[PDB]
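Asker: Have a look at the structure that comes next, please.
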Amino acid sequence: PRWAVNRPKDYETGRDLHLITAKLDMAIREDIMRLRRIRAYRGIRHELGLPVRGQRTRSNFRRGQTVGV
Amino acid sequence: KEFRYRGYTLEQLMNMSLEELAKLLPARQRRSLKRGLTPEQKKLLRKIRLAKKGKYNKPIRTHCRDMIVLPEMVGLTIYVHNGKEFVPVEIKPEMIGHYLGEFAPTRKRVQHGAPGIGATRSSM
Amino acid sequence: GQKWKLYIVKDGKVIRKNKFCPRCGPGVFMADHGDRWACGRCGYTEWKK
Amino acid sequence: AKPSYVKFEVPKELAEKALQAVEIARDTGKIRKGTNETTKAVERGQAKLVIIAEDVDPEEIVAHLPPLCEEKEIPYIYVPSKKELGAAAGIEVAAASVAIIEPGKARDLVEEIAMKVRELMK
Amino acid sequence: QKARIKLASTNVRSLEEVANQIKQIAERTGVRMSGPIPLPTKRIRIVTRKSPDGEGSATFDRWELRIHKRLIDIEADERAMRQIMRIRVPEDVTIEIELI
Amino acid sequence: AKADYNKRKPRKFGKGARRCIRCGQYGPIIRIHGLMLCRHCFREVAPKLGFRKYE
RNA sequence: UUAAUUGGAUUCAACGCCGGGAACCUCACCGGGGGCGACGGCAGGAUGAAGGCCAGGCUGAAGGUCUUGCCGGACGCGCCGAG
Ligand SMILES: [Mg+2]
Ligand SMILES: [Mg+2]
Ligand SMILES: [Mg+2]
Ligand SMILES: [Mg+2]
Ligand SMILES: [Zn+2]
């Protein structure tokens, strides 16, 4: 069925496709690069390495070292 | 290297009815178009079409951060309010289907300073 | 000041230059846009000659 | 209208029936001042007693009622002064035409003076 | 040919008085009346925070309102129908009459 | 018209569509069984309405 | 940190607490645009006060204001008290 593939309604050809290995990786990379080129909000979030889907960042998502006073 | 959105060129997208175009956008945009445009978006679209006709040689500034980018808007420059100022946005073909507000950030990037008094248990 | 003129009135004959609204009675006067009858209150898109 | 317009003389009875018959009609009638407002009233026949005082210069907004007098019945009299014309019926200002429509118990004298004006000059 | 009567009140004693009056009216005439059936009580419970501000330990009030109900069936006879039609209920009792 | 610059919009949902009928506050409104009262006002008028604290 | 990231509460007895799960409203914060002075009196006002509008500019959008002229008739924040 057309609803079971991992890339339906392709952005370029408009068909329903299924990708594996390297082609899948480069397709995802191309999607993120397209977002970055137009300077969209999600593109900036991808660039800065920050959460993209609207999470809060004050408490969790901490990855670093403690800063002293 | 040409631009195609679902296998269609930009010219083909230009000569499409609004209902026909909605079948290519994602679900959210299709629902938003199916429910019609708000009056403010109607005024903005009228201004855009007037500018395309060769009239209205002035900057286009708007508050409508929730307007969906359409193929007939490609090539113009629009100033979207971000809370305190209008920032210029140059519409590219790959912007079709996105809200205007996605290109006008509202918050300034954070650069942290030295932690103050009370930031740790021992500093209080 | 005073704005009551442009109606051709002579020694014994009174006739108005600006017509009245057909929706209303006489006495009401339209503007002098020349492109159309502004009508003052209702408006008409007639392209007055 | 205006003193610099010789229509006829100044009969005393005209003033008697045009001034001293509106105070007794002010409390039992309606009043509409203003030349522009009364112009629509006289053109449509809304007014009943047109008392035109001679205080309006030039003969620009006054050159409408005499040219229109022959078009309707327009029972009209003339007033010598304007300062107390508003006091007789209206407010403490200078009035030019106080139109009273359907006044109470002010019929006999008004009708007599109207007939006098009809047989005087029209 | 039967009438159904529904009673509801927040005071139990008044409900009993009205029911007893109807029962006596039915007794003083030859007419069969199905006894007053007690229906389940309505309880309205509302729980609210006590303090106006938000400081201190949290404590709660539990307010409750109770509504009692009764059901009576009686056959439509005009000699007894007028008598129950002329009885006067207290202001805190609701009565409804219908013919089935 | 200048009076149009003071009238509010007629909202039908949201926190701005309900006010206490006794004090006019927005926010903590008790909507149970058609009551329109703040949690503050309900405590001091509950006995008058017939409520009691049985337990 | 920011244009603002509204404010109260700091041991038990502050920190899923202010019934606080805020897209608009709530809202108190930030950028911008409009509106409001019963009642006394002062300039002023039918030779018309105060107020309102078809179209088109300014504008995010707006008879808000301006251009263009049509409206209606007794009060009057341009001024001082007071509210
Ligand atoms: Mg805080
Ligand atoms: Mg909560
Ligand atoms: Mg929320
Ligand atoms: Mg909000
Ligand atoms: Zn309340």
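Going through the structure tokens in order, the chains are called A, B, and so on, while each chain numbers its residues from 1 and the ligands are numbered from 1 in the order shown.
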I want to know what sits within 12 Å of residue C:40, based on only C-alpha atoms (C1' of nucleotides), with residues of the same chain fewer than 6 positions away left out; could you give that as number ranges by chain?

Answerer: C: 18-21, 24, 27-33; G: 52-55, 68-71

Asker: Any idea which chain F residues end up within 8 Å of chain G if we count only C-alpha atoms (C1' of nucleotides), as an NGL selection string please?

Answerer: :F and (1-3 or 5-6 or 11 or 14-17 or 26-28)

Asker: How about saving the chosen residues, N, CA, C and O atoms kept, as a tab-separated table (two decimals), in the first residue's frame?

Answerer:
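So part10.tsv came out as:
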chain	number	residue	atom	x	y	z
F	1	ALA	N	-17.29	57.23	13.30
F	1	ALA	CA	-17.82	57.02	14.65
F	1	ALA	C	-16.69	56.83	15.65
F	1	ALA	O	-15.78	56.03	15.42
F	2	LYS	N	-16.75	57.55	16.76
F	2	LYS	CA	-15.74	57.45	17.80
F	2	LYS	C	-16.09	56.47	18.91
F	2	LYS	O	-15.19	56.02	19.63
F	3	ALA	N	-17.37	56.14	19.07
F	3	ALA	CA	-17.76	55.17	20.09
F	3	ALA	C	-17.31	53.75	19.75
F	3	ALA	O	-17.26	52.91	20.65
F	5	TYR	N	-14.46	52.80	19.17
F	5	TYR	CA	-13.13	52.59	19.71
F	5	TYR	C	-13.13	52.32	21.21
F	5	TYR	O	-12.11	52.52	21.88
F	6	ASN	N	-14.25	51.87	21.75
F	6	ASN	CA	-14.34	51.46	23.14
F	6	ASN	C	-15.06	50.14	23.32
F	6	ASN	O	-14.94	49.51	24.38
F	11	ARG	N	-16.79	37.72	22.22
F	11	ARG	CA	-16.21	36.38	22.26
F	11	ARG	C	-17.21	35.37	22.80
F	11	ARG	O	-18.04	35.67	23.65
F	14	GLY	N	-13.18	30.95	25.58
F	14	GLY	CA	-11.97	31.48	26.18
F	14	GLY	C	-12.23	32.06	27.56
F	14	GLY	O	-13.37	32.21	28.01
F	15	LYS	N	-11.13	32.39	28.24
F	15	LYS	CA	-11.24	32.91	29.60
F	15	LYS	C	-11.98	34.24	29.64
F	15	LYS	O	-12.54	34.61	30.68
F	16	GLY	N	-12.00	34.97	28.53
F	16	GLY	CA	-12.66	36.26	28.49
F	16	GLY	C	-14.14	36.22	28.24
F	16	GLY	O	-14.77	37.28	28.17
F	17	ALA	N	-14.73	35.04	28.09
F	17	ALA	CA	-16.15	34.92	27.81
F	17	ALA	C	-16.99	34.67	29.05
F	17	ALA	O	-18.20	34.50	28.94
F	26	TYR	N	-12.27	37.54	36.18
F	26	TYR	CA	-11.97	36.49	35.23
F	26	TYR	C	-11.11	35.41	35.88
F	26	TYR	O	-10.30	35.70	36.77
F	27	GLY	N	-11.27	34.18	35.43
F	27	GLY	CA	-10.41	33.11	35.88
F	27	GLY	C	-11.13	31.95	36.53
F	27	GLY	O	-11.87	31.20	35.88
F	28	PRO	N	-10.92	31.77	37.83
F	28	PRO	CA	-11.45	30.58	38.51
F	28	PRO	C	-12.96	30.62	38.70
F	28	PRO	O	-13.45	30.89	39.80

Asker: Could you list, as a PyMOL selection string, the residues of chain E having an atom within 7 Å of chain G when counting only C-alpha atoms (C1' of nucleotides)?

Answerer: chain E and resi 49+53-56

Asker: Any chance you could export the current selection's N, CA and C atoms as an mmCIF file, in the first residue's frame?

Answerer:
data_model
loop_
_atom_site.group_PDB
_atom_site.id
_atom_site.type_symbol
_atom_site.label_atom_id
_atom_site.label_comp_id
_atom_site.auth_asym_id
_atom_site.auth_seq_id
_atom_site.Cartn_x
_atom_site.Cartn_y
_atom_site.Cartn_z
ATOM 1 N N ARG E 49 -10.824 25.137 47.184
ATOM 2 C CA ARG E 49 -9.704 25.560 48.013
ATOM 3 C C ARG E 49 -10.154 26.655 48.974
ATOM 4 N N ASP E 53 -5.357 33.413 48.837
ATOM 5 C CA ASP E 53 -4.037 33.446 48.226
ATOM 6 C C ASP E 53 -3.547 32.012 48.014
ATOM 7 N N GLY E 54 -2.267 31.842 47.698
ATOM 8 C CA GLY E 54 -1.725 30.521 47.457
ATOM 9 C C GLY E 54 -0.685 30.078 48.463
ATOM 10 N N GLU E 55 -0.481 30.868 49.508
ATOM 11 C CA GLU E 55 0.513 30.566 50.526
ATOM 12 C C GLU E 55 -0.091 29.698 51.623
ATOM 13 N N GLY E 56 0.730 28.804 52.166
ATOM 14 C CA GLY E 56 0.311 27.920 53.231
ATOM 15 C C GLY E 56 -0.089 26.545 52.730
#

Asker: Show me which residues line ligand 5, defined as having an atom within 8 Å of a ligand atom where only C-alpha atoms (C1' of nucleotides) and all ligand atoms count, and present them as a list in words.

Answerer: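 I would give the residues around ligand 5 as residues 20, 21, 22, 23, 24, 25, 29, 37, 38, 39, 40, 41 and 42 of chain F.
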
Asker: Can you list, as a VMD selection string, all residues belonging to chain E that DSSP tags as alpha helix (DSSP H)?

Answerer: chain E and resid 12 to 27 78 to 85

Asker: Which of these residues is nearest to chain D, using only C-alpha atoms (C1' of nucleotides): G:48, G:83, G:7, G:21?

Answerer: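 Selected residue with least distance to chain D: G:48.
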
Asker: Return as a ChimeraX atom specification the full set of residues in chain F whose backbone-based DSSP assignment is strand (DSSP E or B).

Answerer: /F:29-30,37-38,52

Asker: Excluding residue B:21 and any residue of its chain fewer than 6 positions from it, enumerate the residues within 10 Å of it, using only C-alpha atoms (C1' of nucleotides), and give them as a ChimeraX atom specification.

Answerer: /B:13-15,30,33,70-71

Asker: Quick one: residues within 10 Å of residue A:34, only C-alpha atoms (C1' of nucleotides) counted, chain neighbours fewer than 6 positions away excluded, as a PDB file with N, CA, C and O atoms, in the first residue's frame?

Answerer:
ATOM      1  N   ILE A  28      17.630  12.804   3.363  1.00  0.00           N
ATOM      2  CA  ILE A  28      17.402  13.552   4.599  1.00  0.00           C
ATOM      3  C   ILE A  28      18.320  14.768   4.664  1.00  0.00           C
ATOM      4  O   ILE A  28      17.898  15.874   5.047  1.00  0.00           O
ATOM      5  N   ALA A  40      14.722  29.336   7.035  1.00  0.00           N
ATOM      6  CA  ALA A  40      13.515  29.072   7.800  1.00  0.00           C
ATOM      7  C   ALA A  40      13.862  28.781   9.257  1.00  0.00           C
ATOM      8  O   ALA A  40      15.005  28.476   9.601  1.00  0.00           O
ATOM      9  N   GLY A  43      15.403  25.511   9.960  1.00  0.00           N
ATOM     10  CA  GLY A  43      16.774  25.481   9.481  1.00  0.00           C
ATOM     11  C   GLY A  43      17.752  26.078  10.474  1.00  0.00           C
ATOM     12  O   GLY A  43      18.824  25.518  10.722  1.00  0.00           O
TER      13      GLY A  43
ATOM     14  N   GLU B  94      11.553  28.024  -3.516  1.00  0.00           N
ATOM     15  CA  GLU B  94      11.482  26.949  -2.532  1.00  0.00           C
ATOM     16  C   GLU B  94      10.744  27.345  -1.261  1.00  0.00           C
ATOM     17  O   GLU B  94      10.707  26.544  -0.321  1.00  0.00           O
ATOM     18  N   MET B  95      10.165  28.539  -1.200  1.00  0.00           N
ATOM     19  CA  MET B  95       9.384  28.966  -0.048  1.00  0.00           C
ATOM     20  C   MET B  95       7.902  28.647  -0.183  1.00  0.00           C
ATOM     21  O   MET B  95       7.123  29.022   0.698  1.00  0.00           O
TER      22      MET B  95
END

Asker: What are the residues of chain F lining chain E at 6 Å or less? Count only C-alpha atoms, and put the answer as a PyMOL selection string.

Answerer: chain F and resi 51-53

Asker: Go ahead and save the residues from that selection, with N, CA and C atoms, as a PDB file, in the first residue's frame.

Answerer:
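Output below, filename result-v3.pdb:
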ATOM      1  N   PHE F  51     -26.286  24.914  50.679  1.00  0.00           N
ATOM      2  CA  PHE F  51     -25.226  23.931  50.829  1.00  0.00           C
ATOM      3  C   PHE F  51     -24.794  23.827  52.286  1.00  0.00           C
ATOM      4  N   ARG F  52     -24.282  22.655  52.655  1.00  0.00           N
ATOM      5  CA  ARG F  52     -23.784  22.403  53.997  1.00  0.00           C
ATOM      6  C   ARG F  52     -22.539  21.534  53.928  1.00  0.00           C
ATOM      7  N   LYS F  53     -21.746  21.580  54.995  1.00  0.00           N
ATOM      8  CA  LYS F  53     -20.545  20.758  55.118  1.00  0.00           C
ATOM      9  C   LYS F  53     -20.877  19.589  56.036  1.00  0.00           C
TER      10      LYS F  53
END
